[PDB]
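Student: Before I ask anything, let me first share the structure, which is written out below as structure tokens.
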Amino acid sequence: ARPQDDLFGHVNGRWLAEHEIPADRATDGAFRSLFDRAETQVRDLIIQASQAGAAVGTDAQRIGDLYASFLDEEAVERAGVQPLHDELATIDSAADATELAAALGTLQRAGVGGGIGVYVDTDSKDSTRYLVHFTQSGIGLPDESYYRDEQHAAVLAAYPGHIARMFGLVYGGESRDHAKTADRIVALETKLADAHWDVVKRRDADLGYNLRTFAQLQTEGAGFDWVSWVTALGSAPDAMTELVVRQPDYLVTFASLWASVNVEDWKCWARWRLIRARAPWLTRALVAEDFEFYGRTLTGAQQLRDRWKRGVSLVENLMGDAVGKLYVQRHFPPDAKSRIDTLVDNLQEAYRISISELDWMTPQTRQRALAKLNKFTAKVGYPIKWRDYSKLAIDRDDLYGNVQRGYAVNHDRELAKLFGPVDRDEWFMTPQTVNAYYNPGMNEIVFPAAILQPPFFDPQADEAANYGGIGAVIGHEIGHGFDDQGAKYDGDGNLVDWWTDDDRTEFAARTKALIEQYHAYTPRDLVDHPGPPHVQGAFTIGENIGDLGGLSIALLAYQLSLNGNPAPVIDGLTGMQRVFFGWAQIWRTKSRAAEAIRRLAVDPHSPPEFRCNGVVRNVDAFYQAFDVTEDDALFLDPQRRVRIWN
Ligand SMILES: [Zn+2]
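So the sequence shown is numbered by this note's numbering: it starts at 1 and just counts up by one.
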């Protein structure tokens with residue numbers, strides 16, 4: 001094809017035909033090609049660290065001996081269920097309810113989901129504090145709607161026959177002896193899911209923020225010993241003096257059920273919380289039978305995952321920064337990190353220029369948009385400081401002890417955040433997750449070193465396509481802070497509106513033309529279908545603005561990178577033209593013909609042949625670069641174009 005007629009078919013015409021989607025894939029994209037390379041290059045890194053033999057105390061030893069304790073499943077059979085019985089004896093030695101709570105927190109430090117979930121995030125009202133959050137997790141089933149809903153009555157009918165068969169595999173004997181205890185478990189989890197919140201109530205952040213003092217928590221949940229619980233977690237009541245109860249009416253009844261239900265019913269319940277947590281880290285009788293309820297009955301999986309697929313997922317859950325640090329000493333070196341800091345600084349300079357020369361917004365709110373970009377951070381690459389795993393011992397011949405110690409060095413790290421203030425470069429995803437977004441509550445882009453891989457950012461090639469590639473994905477995500485979506489968020493992340501009515505109306509009337517452009521677009525594969533499929537242009541309006549504001553800034557940020565010099569021409573291609581060829585190669589994505597019709601109904605992005613082609617029609621720099629005449633398919637008239645920044 002011709003790039004003035006079809007920019008997408010010029011560089012992906014040799015990819016949309018002669019590349020077939022594999023059978024397990026729904027859609028095979030360039031965003032999904034990085035998922036297959038961040039799961040290969042992490043799996044090839046922990047396999048290499050197991051066959052290396054580093055010194056005891058380093059981090060190539062610690063990931064190398066945790067994965068090799070999982071992959072040697074013959075030594076888990078030699079251990080038996082005897083590592084579980086030493087940890088079940090902590091439940092069985094508990095006479096009163098005080099020692100049952102302190103045994104439960106020692107399980108909860110070591111990786112067992114207890115009765116109250118614990119995570120430590122920021123305050124999000126103060127944001128100079130780290131606070132601890134007391135969620136709901138007291139049930140063995142994934143939702144509240146597996147106990148009362150009539151659709152999920154097949155699961156609760158098959159629930160106590162699974163717990164009786166798992167208790168029979170631990171203590172020995174037949175399932176008729178343990179059907180009495182497994183009916184006491186479901187009768188307590190039904191009483192715990194009576195006070196679970198719904199899914200549509202849990203996302204509402206007005207009732208999901210209830211700041212309590214620790215002296216107020218003991219008077220609220222009277223019937224639980226909270227002091228010996230958090231001491232066994234690895235903290236103190238003078239170390240979490242204020243805390244947020246995420247579900248406050250759940251915590252009143254759960255501590256009321258801790259003192260009203262008999263403690264033998266709670267101890268067989270707490271045995272089951274230990275058994276189904278440690279079920280993938282035990283023998284093949286307990287690995288396979290726990291899959292038959294949790295993968296075959298619930299999710300519907302025909303075969304269990306392999307030992308290496310759960311081996312990498314054990315290392316990634318326990319030590320994500322240790323596998324993060326070795327991913328970026330091989331695949332994202334500091335010459336490629338220092339290359340990408342200039343590119344975001346040029347993108348932050350092009351957003352400083354284009355806001356100041358802007359016409360469609362108020363000059364009182366134009367200075368508000370410069371105050372947000374001065375408060376703008378960018379978590380790009382890897383963190384500036386790693387997390388210390390030096391308090392962690394990993395033995396190669398003990399899989400159950402490593403999971404007890406790897407979950408305890410993660411739980412001691414997040415509960416040590418309560419002493420110091422907020423780092424604000426904490427990096428809640430590791431640098432191998434392919435998830436690049438914009439977080440408006442704290443105002444940054446989070447672009448890890450897996451999205452900064454080719455064909456998005458090749459650091460050895462010419463610098464033109466890195467502005468067209470990851471430099472326009474970044475300007476899409478910086479542009480989500482200055483759109484109609486980002487009008488509700490200021491530079492600190494609070495919910496104040498820095499757009500006036502005039503700005504909203506002008507921005508709406510400028511971007512009114514994109515709805516009539518995108519309503520008349522049909523994917524080339526779905527053109528043959530008898531019922532014409534049309535991109536719902538009023539539904540995909542928020543992402544079509546941001547792809548337009550992403551590319552139009554990265555052409556300016558390329559122009560302030562050359563610093564007056566002409567662009568280098570490689571194989572007859574201008575550097576202004578090579579931004580658009582790097583824009584048209586980050587949407588190497590095809591779908592199946594059945595899934596793409598479902599993509600036009602519910603997916604708020606456009607089809608990926610119209611994120612590329614339907615954005616360069618409205619960019620004035622596309623017409624000068626490719627010499628687009630009047631008789632071309634992407635030739636818009638210049639009065640109907642949408643311009644957001646230039
Ligand atoms: Zn996106």
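Each residue gets a CB set at the ideal place from its N, CA and C atoms; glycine is no exception.
For my contact list, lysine 372 and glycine 481 are in at a C-beta cut-off of 8 Å; report their separation, rounded to the angstrom.
Tutor: 6 Å
Student: Pull every residue with its beta-carbon under 7 Å away from any heavy atom of ligand 1, and keep them in chain order.
Tutor: Taken from the N-terminal end onward, the list reads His476, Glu543 and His605.
Student: Taking the runs of the beta strand (DSSP E) that are 3 residues or longer, which of them lie wholly in the region 524 to 564?
Tutor: none
Student: Just list the residues that DSSP pairs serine 356 with in beta bridges.
Tutor: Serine 356 is not bridged to any residue.
Student: Identify the continuous beta strand (DSSP E) that holds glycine 381 and give its terminal residues.
Tutor: 377 to 381
Student: Across which residues does DSSP place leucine 211 in a beta bridge pair?
Tutor: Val244
Student: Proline 448 bridges to which residues according to DSSP?
Tutor: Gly381
Student: Would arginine 588 and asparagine 12 be called neighbours here (beta carbons separated by less than 9 Å)?
Tutor: yes
Student: So what does DSSP say about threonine 505, is it helix, strand or coil?
Tutor: Three-state result, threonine 505: helix.
Student: Span of the alpha helix (DSSP H) holding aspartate 620?
Tutor: Its alpha helix (DSSP H) spans residues 620 to 626.
Student: Report yes if the CB atom of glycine 614 is closer than 9 Å to the CB atom of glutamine 517, and no otherwise.
Tutor: yes
Student: Is the distance from the Cβ of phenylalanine 293 to the Cβ of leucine 452 below 9 Å?
Tutor: no
Student: With which residues is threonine 27 paired in a DSSP beta bridge?
Tutor: Bridge partners of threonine 27 according to DSSP: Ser591.
Student: Which value, in whole angstroms, describes the spacing of the CA atoms of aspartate 484 and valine 200?
Tutor: 25 Å
Student: Specify the secondary structure class of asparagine 439 as computed by DSSP and reduced to three states.
Tutor: strand
Student: I want to know whether the region 2 to 11 touches the region 577 to 586 - three or more CB-CB distances under 8 Å.
Tutor: yes
Student: Could you tell me which residues DSSP puts in a beta bridge with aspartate 121?
Tutor: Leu131
Student: Check the DSSP bridge columns for residue 650 and list the partner residues they point to.
Tutor: Any property of residue 650 remains undetermined from this structure, which presents the chain solely from 1 to 646.
Student: If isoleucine 445 and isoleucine 478 are in contact, beta carbons under 8 Å, what's the gap, nearest whole angstrom?
Tutor: Contact flag correct, Cβ pair sits at about 6 Å.
Student: Measure the C-alpha to C-alpha separation of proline 448 and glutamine 585 and round it to an integer number of angstroms.
Tutor: In this structure, the straight-line span from the alpha carbon of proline 448 to that of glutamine 585 is close to 20 Å.
Student: Just list the alpha helix (DSSP H) runs in the region 452 to 484, keeping only unbroken ones of 4 residues or longer that don't cross its boundaries, in chain order.
Tutor: 465 to 468 and 470 to 479
Student: DSSP beta-bridge partners for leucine 573?
Tutor: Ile570
Student: Count the other CB atoms, across all protein chains shown, that sit within 10 Å of the CB of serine 338; report buried if there are 16 or more and exposed otherwise.
Tutor: exposed
Student: Three or more beta-carbon pairs under 8 Å between the region 525 to 536 and the region 502 to 510, yes or no?
Tutor: In short, these stretches do not touch, since the Cβ pair count stays below three.
Student: So residue 688 packs on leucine 347, CB below 8 Å; how close in whole Å?
Tutor: Residue 688 lies beyond the stretch modelled for the chain, which goes from 1 to 646, so this question has no answer here.
Student: CB-CB under 6 Å to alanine 513, same chain, minus the five flanking residues each way: which ones, in chain order?
Tutor: Once the five neighbours on either side are set aside, the close Cβ partners of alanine 513 are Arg640 and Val642.
Student: Could you pull out every residue in the same chain whose Cβ sits closer than 8 Å to the Cβ of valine 422, ignoring the five residues on either side in sequence?
Tutor: Hits under 8 Å: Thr122, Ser127, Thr128, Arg129 and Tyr130.
Student: DSSP three-state call for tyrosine 171: helix, strand or coil?
Tutor: helix
Student: Would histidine 476 pass as a contact of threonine 540 if the rule is Cβ separation under 9 Å?
Tutor: In this structure, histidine 476 keeps its C-beta atom at 9 Å or more from the C-beta atom of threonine 540.
Student: Is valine 446 close to chain D, meaning its C-beta is less than 9 Å from at least one C-beta of that chain?
Tutor: The structure shown contains no chain D, having only a single protein chain.
Student: From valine 56 to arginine 62, what does the alpha carbon distance come to, in whole angstroms?
Tutor: 8 Å
Student: State the DSSP-derived secondary structure class of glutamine 216, mapped to helix, strand or coil.
Tutor: Looking at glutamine 216 - three-state DSSP - the assignment turns out to be helix.
Student: Any idea what DSSP makes of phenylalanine 35, helix, strand or coil?
Tutor: Correct three-state label for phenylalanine 35: helix.
Student: Could you name the residues of the same chain whose beta carbon sits closer than 6 Å to that of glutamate 414, not counting the 5 residues immediately before and after it, in chain order?
Tutor: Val120
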